[PDB]
Each structure stands twice: as structure tokens, then as C-alpha cells.
Asks: 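Quick one: this structure, given as C-alpha cells, is what I'll be asking you about.
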Amino acid sequence: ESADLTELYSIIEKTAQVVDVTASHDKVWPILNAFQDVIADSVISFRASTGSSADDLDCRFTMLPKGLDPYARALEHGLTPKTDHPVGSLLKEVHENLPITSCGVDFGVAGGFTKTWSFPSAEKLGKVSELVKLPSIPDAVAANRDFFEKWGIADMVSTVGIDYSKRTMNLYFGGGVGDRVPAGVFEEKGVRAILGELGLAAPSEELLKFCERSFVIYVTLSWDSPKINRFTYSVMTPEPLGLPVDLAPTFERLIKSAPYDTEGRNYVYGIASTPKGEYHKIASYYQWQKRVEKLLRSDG
Ligand SMILES: [Cl-]
């Protein structure tokens, strides 16, 4: 479908323009071509951000096939640089040693290819104890073992994200059908304790109210420090105008003026905490897949 990709690029360019980002065809088009065979059956969403990432729109294609190595695919098509850094060998170790059943890719309309995601099934989640054995894992995973076990999340890794551009990795917890992160992680006492322990900014009232609604968390780690760099809470909802946040103008426009109607999850909103403050993210769902409802929680 020549004109399926052309139509998709058009959606991408218009959506970027709603959040005041100029899309680069030279970055996007090679990627759409490289993954053309897995786009129709993927879940596609478009994510805007506040803070420094406000200069790009992330395009996410998830729930791609089990047999796909999306990093290998990107490398073969020249979309991401060949590297000797362990970031470039981690995905293969993850897929071999954790029960990974699907994957995903992220690219910026201006930045190009940036991340992969590796998804276990809700029936069999990943473990920090599996991750620490891998030759390419960040030291920070083992360094933070006590944190993961304290909060009861060490055996419920629901996604592994790898950012090739930043050389970081995200570990996600929650979000699967029948799965739960422990309740106390979302209550004010816990939110304060977690951000305190991790040396992150104290939670704003906005974050505290937002956390009440959350059932997914993720931590970002790097290879160059033992410290968790950020801790993010996410909320799924069809009614993002009802979230207890002061929405950025670009976010209001993406909600009201996207060139499509949202599907499935509709929206996934995130508030990231770093050592220096907080920033917000919102993902608007363009293409959903019904078969994913068996694996992922999708009402909000
Ligand atoms: Cl499959």
C-alpha cells in the first residue's frame, strides 16, 4: 500500500503541526518504509511533551510481532547508528532471556528512530532478577534491587524500553490485564517516599492528584550512573480534559484538534519526575487493535 504510507505520513505531519513541530520527511519516510510490513497490525499513538521534549512529536508503533527484532531492522535500514556501547546489544539479550511476546518502536518526527520496547505477556511478566544477569544491562538495575523489592515490583516488569539516542533504559510496571502495582505506590505517602529515596523533586499537588488515578509506573536508568534518573506515573483515560492538571496549550490542541478520532486506550498521560522538576507527556491513540484488549488494560 503505497498510499497507506503516504496517508500515514500526512496524519503524522498534521499531528506534529498541531503541537507546533515541523515533521521531517527525511527522518520519517525511511522508517515508515523500513517497518511497512508491521504497521497495519500495530497500535499507533502520537506523544507530545512539555519541557525540553516539546520540540518533537514521538510516533509509537507497538504490539509488533514476536519474531521481529526491531533494532536489527533499524540497523539494517540505516535508521540508527552502529555502536559498541551495550545499549546496542541489550535488546537481543532481553528477547532471549525474558518471556518477550511482542515489541514496539518509537521515533521523533524531527529526531528519527530513538527507542524500542520489548513486551512480556501479562501471563508471564519479566523479573529484575532475570535482567541483572544480562551482559548488557545497566549496573543501575542491580544497584536498585532493594528499591524494586521494597515496593514489591521486582517480579512484575511489564515492558523494557531502550532509548538508543539517550543511552537509557526504562523499566515499566503495571498495565496488563489482571495485574496490579501495589496500592501504596499511588498514595501520597508512597509517592513522597519513592521520590525522596530516588533523590527526585518532591511531588507537586498536581502530581499527587494525578497519581491517584495511575496504575502504571516506570523508572529510567542509564549506564553511566547507579541512580534512577526519573520516575514516571501514567494514567489512561478517554477524558484527558478531566485530569487534575493544568494542561499545556499544545496538549489541549492535540486533544481537540488532532486530524483523527482516538481509539482504544484513547489517551495515556504521564508525569515524569527528575532531580530538577517534573514534565508532562500525553499520547493520543490513532490506531488500536482489538486483539490487544486480551493483554492490556484499556478502559480509563
Ligand atoms: Cl505474533
Side-chain angles (χ1 to χ4, degrees), residues 27-28 30-39 42 47 53 56 58-108 111-121 124-145 147-148 153-173 175 217-232:
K27 299 292 191 154
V28 178
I31 299 171
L32 296 185
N33 283 279
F35 290 96
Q36 179 174 205
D37 59 333
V38 298
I39 288 177
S42 73
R47 185 206 88 182
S53 275
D56 211 349
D58 270 10
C59 308
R60 306 104 63 76
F61 297 68
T62 61
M63 313 314 287
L64 308 183
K66 191 187 185 321
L68 177 61
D69 181 338
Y71 186 59
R73 183 74 75 83
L75 281 169
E76 183 53 29
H77 289 261
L79 315 170
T80 191
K82 201 177 166 190
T83 185
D84 291 331
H85 188 277
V87 72
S89 38
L90 184 55
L91 182 147
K92 181 179 156 184
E93 294 168 8
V94 167
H95 287 219
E96 172 67 51
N97 295 285
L98 273 72
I100 300 311
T101 57
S102 68
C103 66
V105 307
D106 187 27
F107 61 88
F113 183 94
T114 56
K115 322 186 202 206
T116 59
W117 288 286
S118 297
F119 297 100
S121 297
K124 196 180 184 291
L125 297 166
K127 309 185 194 174
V128 169
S129 67
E130 300 160 327
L131 291 163
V132 297
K133 301 186 182 58
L134 308 180
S136 301
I137 196 72
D139 293 355
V141 179
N144 288 277
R145 177 201 169 175
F147 173 77
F148 297 124
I153 56 173
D155 290 345
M156 51 187 69
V157 181
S158 60
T159 313
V160 180
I162 302 167
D163 187 320
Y164 299 93
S165 179
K166 300 186 80 131
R167 300 185 181 183
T168 56
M169 96 158 191
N170 284 356
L171 293 185
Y172 301 75
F173 310 85
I217 53 170
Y218 51 109
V219 297
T220 305
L221 309 105
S222 68
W223 277 262
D224 67 357
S225 165
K227 298 166 168 190
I228 287 163
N229 299 173
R230 61 197 54 165
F231 191 98
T232 305

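The first residue of the sequence shown is numbered 1, and numbering continues consecutively from there. Just so it is clear, the values below take in all heavy atoms, side chains as well, and ignore hydrogens, waters and symmetry mates.
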Asks: Are the aromatic rings of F173 and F148 close, with centres under 6.0 Å apart?
Replies: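 Between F173 and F148, the centre distance is under 6.0 Å.
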Asks: State which residue, out of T159, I100, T101, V157, fulfils the side chain to side chain contact (heavy atoms under 4.5 Å, CB included) condition with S118.
Replies: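 Exactly one option meets the side chain to side chain contact (heavy atoms under 4.5 Å, CB included) with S118, and it is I100.
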Asks: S222 versus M169: any side-chain heavy-atom pair under 4.5 Å?
Replies: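 They are not in contact (no side-chain heavy atoms under 4.5 Å apart), so the answer is no.
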Asks: Taking all atoms of both residues into account, what is the closest heavy-atom pair of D155 and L125, and its distance?
Replies: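 Closest approach of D155 to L125, heavy atoms only: O-CB, 3.8 Å.
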Asks: Looking at every non-hydrogen atom in both residues, tell me the closest pair between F35 and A74 and how far apart they are.
Replies: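 Minimum heavy-atom separation between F35 and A74: CZ-N, 4.2 Å.
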Asks: ring-ring contact (aromatic ring centres under 6.0 Å, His included) for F231 and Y218? Distances and angles first, verdict last.
Replies: CA-CA 6 Å; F231 191 98; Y218 51 109; 8.4 Å; no
Asks: Looking at every non-hydrogen atom in both residues, tell me the closest pair between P120 and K124 and how far apart they are.
Replies: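 Looking at all heavy atoms of both residues, the closest pair is CB-O, 3.5 Å.
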Asks: With a 4.5 Å heavy-atom cut-off, do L171 and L131 have their side chains touching?
Replies: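 Yes, side chains in contact.
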Asks: Who pairs with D106 by side-chain contact (heavy atoms from CB on, under 4.5 Å), at least two apart in sequence or on another chain?
Replies: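 Applying side-chain contact (heavy atoms from CB on, under 4.5 Å) to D106 gives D58, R60, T114, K115, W117.
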Asks: Please verify the inter-ring angle class for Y164 with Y71; under 30° counts as parallel, over 60° as perpendicular, anything in between as tilted.
Replies: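 Parallel.
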Asks: What verdict does the side chain to side chain contact (heavy atoms under 4.5 Å, CB included) test give for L134 and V94, after you've listed the backbone C-alpha separation in whole Å, the side-chain angles of each residue and the deciding distance to 0.1 Å?
Replies: CA-CA 8 Å; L134 308 180; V94 167; 3.7 Å; yes
Asks: Can you list everything that forms a salt bridge (charged side-chain N to carboxylate O under 4.0 Å, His left out) with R167? Sequence neighbours excluded, please.
Replies: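 Per chain and number, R167 pairs via salt bridge (charged side-chain N to carboxylate O under 4.0 Å, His left out) with no residue.
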Asks: Can you give me the closest heavy-atom contact between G108 and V28, atom names plus distance?
Replies: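 Closest approach of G108 to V28: O-CG2, 4.5 Å.
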Asks: Looking only at the side chains, is there a donor atom on one of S89 and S136 sitting less than 3.5 Å from an acceptor on the other?
Replies: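 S136 and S89 do have a side-chain donor-acceptor pair below 3.5 Å.
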Asks: State which residues pass salt bridge (charged side-chain N to carboxylate O under 4.0 Å, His left out) with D37; sequence neighbours excluded, sorted by chain then number.
Replies: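 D37 satisfies salt bridge (charged side-chain N to carboxylate O under 4.0 Å, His left out) with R73 only.
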Asks: Do you know the tightest heavy-atom contact between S42 and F61?
Replies: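 Where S42 meets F61 most closely, the heavy atoms are OG-CD2, 3.8 Å.
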